[PDB]
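The numbers here are math on the coordinates, done by the rules we state, and not lab data. When we count neighbours, we look across all protein chains shown, and the Cβ atoms used for this are built from the backbone with ideal geometry, even at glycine.
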Ligand SMILES: NC(=O)c1ccc[n+]([C@@H]2O[C@H](COP(=O)([O-])OP(=O)(O)OC[C@H]3O[C@@H](n4cnc5c(N)ncnc54)[C@H](OP(=O)(O)O)[C@@H]3O)[C@@H](O)[C@H]2O)c1
Ligand SMILES: C[C@H](O)[C@H](O)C1=Nc2c(nc(N)[nH]c2=O)NC1
Ligand SMILES: [Ca+2]
């Protein structure tokens, strides 16, 4: 595709999950941010596409699936068919990327967002394609058992400013965090 976007919320050790869920209790605002970003297309008639792995899909409460107003694509090598609610199943990122370029998807799709987990982020980070990484850095340590892959600081340059992203440190439920945008230009 033209360029990828990835979004993640990470705690201090770069953890993103624990026991199949997020490491911290709910942060309404951080979450509305993930909704607002993944949901908003800049072209009437289109919806964005969200690509995620098996586990991340099942982590979403069942009545809340698929993420409303985005085309849900699940990646799995072990599944034969798109889990109940998913729009599409794909065997790999590559495969997902080609689906997106197909006729029927192409004119339907605005932005592509990788929503994890680890293995999906990694694979996307490695593509020699223009990529913007939206990271929420939660300034606190929660035990995590899943982690965010290492970003190559030589490729992914942190932007000092980006539109519609608060610059200041944020607080909610006694927790502080900040939004950061990393950009890879090929
Ligand atoms: N903080 C955040 O922003 C954030 C975002 C997402 C998830 N999370 C947390 O992370 C956890 C889920 O992450 P996870 O890393 O364990 O799992 P995952 O990536 O969500 O799911 C893994 C499975 O998905 C398929 N898959 C993954 N990468 C693939 C690829 N490149 N090509 C093909 N198939 C691929 C494979 O399924 P098969 O075994 O069927 O082949 C792999 O077993 C939960 O705790 C979730 O709450 C946090
Ligand atoms: C899609 C599911 O909620 C998943 O765990 C994700 N959560 C988050 C995310 N991105 C942010 N910033 N915050 C989340 O809570 N990406 C994916
Ligand atoms: Ca497996």
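Being surrounded by fewer than 17 Cβ atoms within 10 Å (Cβ to Cβ), outside any helix (DSSP H, G or I) and within 16 Å of ligand 1 (Cβ to nearest atom): is that true of residue 171 here?
The answer is no for residue 171.
For segment 57-132, list the strands (runs of 3 or more DSSP E) that sit wholly inside it and hold at least 1 residues that are within 16 Å of ligand 3 (Cβ to nearest atom) and in contact (Cβ under 8 Å) with a residue 40 or more places away in the chain; which are they?
70-75
Would you mind finding the one in 63, 84, 106, 68 that is out of contact with any strand residue (DSSP E or B) (no Cβ under 9 Å at 6 or more places or on another chain) and either under 15 Å from residue 34 (Cα atoms) or buried (at least 17 other Cβ atoms within 10 Å of the Cβ) (or both)?
Exactly one of 63, 84, 106, 68 is out of contact with any strand residue (DSSP E or B) (no Cβ under 9 Å at 6 or more places or on another chain) and either under 15 Å from residue 34 (Cα atoms) or buried (at least 17 other Cβ atoms within 10 Å of the Cβ) (or both), namely 68.
So for segment 142-158 (the condition being assigned to a strand (DSSP E or B), over 13 Å from the mean Cα position of the chain (by Cα) and surrounded by fewer than 15 Cβ atoms within 10 Å (Cβ to Cβ)), does at least one residue qualify?
Yes.
Across segment 1-33, what is the total count of residues that are touching a strand residue (DSSP E or B) at 6+ places or on another chain (Cβ under 6 Å) and near ligand 2 (Cβ under 8 Å from one of its atoms)?
Selection size over segment 1-33: 7.
Among the numbered criteria (1) out of contact with any strand residue (DSSP E or B) (no Cβ under 6 Å at 6 or more places or on another chain); (2) away from ligand 1 (no atom under 13 Å from the Cβ), which one does residue 111 miss?
(1)
When only residues in segment 18-56 that are out of contact with any helix residue (DSSP H, G or I) (no Cβ under 6 Å at 6 or more places or on another chain) and within 16 Å of ligand 3 (Cβ to nearest atom) count, which is farthest from residue 178 (Cα to Cα)?
54
Any residue that is within 13 Å of the chain's Cα centre (by Cα) and under 22 Å from residue 181 (Cβ atoms) - is there at least one of those in segment 74-84?
no
Within the bounds of segment 1-21, is there any residue that is surrounded by 16 or more Cβ atoms within 10 Å (Cβ to Cβ), more than 12 Å from ligand 1 (Cβ to nearest atom) and in a loop (DSSP other than H, G, I, E, B)?
Yes - at least one qualifying residue is present in segment 1-21.
Out of (1) in contact with a helix residue (DSSP H, G or I) (Cβ under 7 Å, 6 or more places away or on another chain); (2) farther than 23 Å from residue 184 by Cβ, what's the single condition that is false for residue 78?
Checking residue 78 against (1) in contact with a helix residue (DSSP H, G or I) (Cβ under 7 Å, 6 or more places away or on another chain); (2) farther than 23 Å from residue 184 by Cβ, the one that fails is (1).
Of 136, 118, which residue is within 15 Å of ligand 1 (Cβ to nearest atom) and in contact with a helix residue (DSSP H, G or I) (Cβ under 9 Å, 6 or more places away or on another chain)?
Result: 136 is the single residue among 136, 118 that is within 15 Å of ligand 1 (Cβ to nearest atom) and in contact with a helix residue (DSSP H, G or I) (Cβ under 9 Å, 6 or more places away or on another chain).
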